[PDB]
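These notes concern the structure reproduced below.
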Amino acid sequence: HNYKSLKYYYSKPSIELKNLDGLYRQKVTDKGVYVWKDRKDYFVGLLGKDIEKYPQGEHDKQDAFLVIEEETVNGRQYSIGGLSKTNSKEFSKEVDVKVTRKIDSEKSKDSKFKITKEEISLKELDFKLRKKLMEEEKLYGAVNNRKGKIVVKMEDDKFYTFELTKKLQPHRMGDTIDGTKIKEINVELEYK
Amino acid sequence: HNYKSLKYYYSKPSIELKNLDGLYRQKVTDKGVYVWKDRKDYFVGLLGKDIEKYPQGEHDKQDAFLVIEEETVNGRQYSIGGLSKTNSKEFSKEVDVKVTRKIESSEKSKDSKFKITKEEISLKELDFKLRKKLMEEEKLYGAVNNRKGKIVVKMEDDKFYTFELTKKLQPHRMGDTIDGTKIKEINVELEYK
Ligand SMILES: [Cl-]
């Protein structure tokens, strides 16, 4: 069912690897990179426009946000996208999280969310915000708790949306945005 | 570099499995299905909307268009998308292929035929078979500059599907399918001499 796949995907643990010891694109014909830190290696899938940023060879000063998928790829644990430029300097910013709840009228309450990367993947935003919602707003706690959306709003009013009724598309996991320009996060939940 | 990867990728052999002996989705949490025919197994990734067509369990009356990627997945040869419902009966259709050359003005065109064997066909197959025709008949990826242009699959209702030749077909599109009986014409534009 749609519920089980959401619940058991977003309940998975995540690994934040800041400053990889390395990430390596072996072949121009493959769809991923070998990444490693502290003697732990993984294979990361490049299934969107992110493949264009990592040509054959090595690339340094990079971060990785991992969610270990069910597939074993090239003998390693696998994750899709979540790659980004490592911070140039220390950066930490708390943004407001407006959680509105349509029932039919509505109920809302504010919370905060800690941003720590200058350049951040949609994968990370998506996964961490859903986890926050699973823990605090009963997201995917019952078959009926799956409708709504997460909106990440920028200072120039551009925004990014995550539909809660389905998993973030793999081709969007490698997309990144300027963490320093995230203005606010608006969440709408359409369940009791 | 990009040119090299296009040549390499579209030079790969394809594998057409009509009426799979099996297609099994192991977990609702995974991103693919095990497929097999005539004692040969493979794992096919579901990285687009195609994932919604194969819930946990087994499925039959399916076809698979394979292109083996560099990645080994679950200890098997891996391909992305290319799944479709098998033909309900014998089906064939000859469709025109118009090839022009823009060098911004498209010159004289050469017309050829392309046979459609399936009722429901994946964008992966159309894309891969059509580029292989071009590599063989129009020097596609035969040199550094033979990579610009586009393949356009037009339907009866004027709606169309486009493949940019300067890059590989996006993985999230490989599993999308269209009605093979509704395919009207194939218009190709090559931006090189
Ligand atoms: Cl493997």
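Just so it is clear, the values below take in all heavy atoms, side chains as well, and ignore hydrogens, waters and symmetry mates. The chains referred to below are lettered A, B, ... by the order of the sequence lines, with proteins before strands, and numbering in each begins at 1.
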Which atoms of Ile80(B) come close to chain A, meaning under 4.5 Å heavy atom to heavy atom: side chain ones, backbone ones, both, or neither? side chain
Mind checking whether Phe65(B) and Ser14(B) have side chains closer than 4.5 Å, heavy atoms only? yes
Using heavy-atom distances under 4.5 Å, tell me whether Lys31(A) contacts chain B through its side chain, its backbone, both, or neither. both
Chain B contacts, top residue of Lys167(A), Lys27(A), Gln56(A) (heavy-atom pairs, under 4.5 Å): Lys27(A)
Compute both the distance and the angle, then confirm whether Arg76(B) meets the cation-pi test with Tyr34(B): under 6.0 Å from the six-membered ring centre, within 45 degrees of the axis. no
Against chain A, label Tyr78(B) side chain, backbone, both or neither, depending on which of its atoms sit under 4.5 Å from a heavy atom there. neither
Does some side-chain heavy atom of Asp30(A) sit less than 4.5 Å from a side-chain heavy atom of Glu71(B)? yes
Between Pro55(A) and chain B, with a heavy-atom cut-off of 4.5 Å, which part of the residue counts as in contact: side chain, backbone, both or neither? neither
At a 4.5 Å cut-off on heavy atoms, which part of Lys49(B) comes close to chain A: side chain, backbone, both, or neither? neither
Should the pair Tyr10(B) and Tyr141(B) be assigned to parallel (<30°), tilted (30 to 60°) or perpendicular (>60°) ring geometry? parallel
Between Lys153(A) and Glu184(A) (salt bridge meaning N to carboxylate O under 4.0 Å), is one present in this structure? yes
